[PDB]
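Take a look at this one chain, the form deposited in one PDB entry, written out in structure tokens.
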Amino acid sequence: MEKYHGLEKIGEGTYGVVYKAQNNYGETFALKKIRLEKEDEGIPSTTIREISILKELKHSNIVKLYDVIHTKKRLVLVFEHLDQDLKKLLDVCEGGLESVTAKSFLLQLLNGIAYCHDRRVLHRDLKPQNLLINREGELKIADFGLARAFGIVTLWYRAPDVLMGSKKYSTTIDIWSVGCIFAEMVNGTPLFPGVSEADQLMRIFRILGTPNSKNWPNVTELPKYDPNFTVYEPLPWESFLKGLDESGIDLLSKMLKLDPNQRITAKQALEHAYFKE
């Protein structure tokens, strides 16, 4: 356990319960007790190793992992504590964020991602709840790399190719989520709030158009691709986005390309004109 007191439950996180706590030095940390479906199974050394290496992620926009505590059918991660997150902030911001705030958060999000991508660390489950924010306006991404360790579900930020069964390692998956979060920051409301895998795809296609072999070569090789998908044409960007100037729309359009091979990278996004304004 490593000597923590005043364990206060502050949330249900993705893989388990998050507590705020203090060590015996007075300092505040977040403790994430990973929920073990099968207690008796144990955690293998490969898993511990793939979590422990995340301690090497040292970046101002990545939540710092301090410790991995494995004792007796219990696994707790000790992380830097931040008091706020983007989900809770958006929940009290009618209409979404002011454009200068969304840009600031987007820049920070992309910087964290770019850092991780350069180290071949993927997130795969980016969402507002894991973008933590401190009193100074600094955004820090939580849970990067945990998907490689650990694999009712929120499908809102999942890329179409992922929804259609793609299993490959790819950085592109995260950029799709960024695009969805960007739109949510500017609009207030989530862009594609699907209730099932099928409905999630329809929500995306109703806005951006149904894929076909011409706008997404090789889309037909995906295991859950469906040649009978309803065919929708793309809507004009300005019709479902509010509060975004032309550079902003352009950038967003590059993140929400359906074909992952044409989707902008994090580092490319960072070079976009939207950020020089």
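Counting begins at 1, following the sequence as shown.
Student: Between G151 and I152, how many residues of the deposited sequence have no coordinates in this entry: none, 1 to 3, 4 to 9, or 10 or more?
Tutor: The entry leaves 4 to 9 residues without coordinates here.
Student: Comparing average C-alpha B factors as deposited, tell me which of 238 to 246 and 51 to 59 sits higher.
Tutor: Higher mean C-alpha B-factor in the PDB entry: 238 to 246.
Student: Between 195 to 203 and 72 to 80, point out the one with the higher average CA B-factor as the PDB entry records it.
Tutor: That would be 72 to 80.
Student: Which listed residue, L251, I43, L208, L65, has the largest C-alpha temperature factor in the record?
Tutor: Spelled out: the listed residue with the top C-alpha B-factor is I43.
Student: Between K167, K140, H123, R158, which carries the biggest CA temperature factor in the record?
Tutor: The record points to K167.
Student: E136: which third of its chain by C-alpha temperature factor?
Tutor: CA B-factor rank for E136: highest third.
Below, we refer to the form deposited with a small molecule bound, which is not included among the displayed structures.
Student: Please state whether all three residues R124, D161 and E197 have a non-hydrogen atom within 4.5 angstroms of the small molecule in the entry with it bound.
Tutor: The answer is no; none of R124, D161 and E197 reaches the small molecule.
Student: Answer for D143 alone: is it within 4.5 Å of the small molecule in the entry with it bound, judged on heavy atom distances?
Tutor: Result yes; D143 sits at the interface with the small molecule in the entry with it bound.
Student: When the contact criterion is heavy atoms within 4.5 Å, does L132 count as touching the small molecule in the entry with it bound?
Tutor: Although the small molecule is absent here, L132 would touch it in the entry with it bound, with heavy atoms inside 4.5 Å.
Student: Verify the contact flag for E98: yes if a non-hydrogen atom of it lies within 4.5 Å of a non-hydrogen atom of the small molecule in the entry with it bound, no if not.
Tutor: No.
Student: Might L258 be said to contact the small molecule in the entry with it bound, defining contact as any heavy atom within 4.5 Å?
Tutor: Taking the distances in the entry with it bound, the answer for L258 is no, it never comes within 4.5 Å of the small molecule.
Student: Select, from the options 244 to 252, 30 to 38, 225 to 233, 209 to 217, the stretch whose residues sit within 4.5 angstroms of the small molecule in the entry with it bound by heavy atom distance.
Tutor: This holds for exactly one stretch, 30 to 38.
Student: State the residue from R203, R148, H81, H117 whose non-hydrogen atoms include one within 4.5 Å of the small molecule in the entry with it bound.
Tutor: It is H81 that has a heavy atom within 4.5 Å of the partner.
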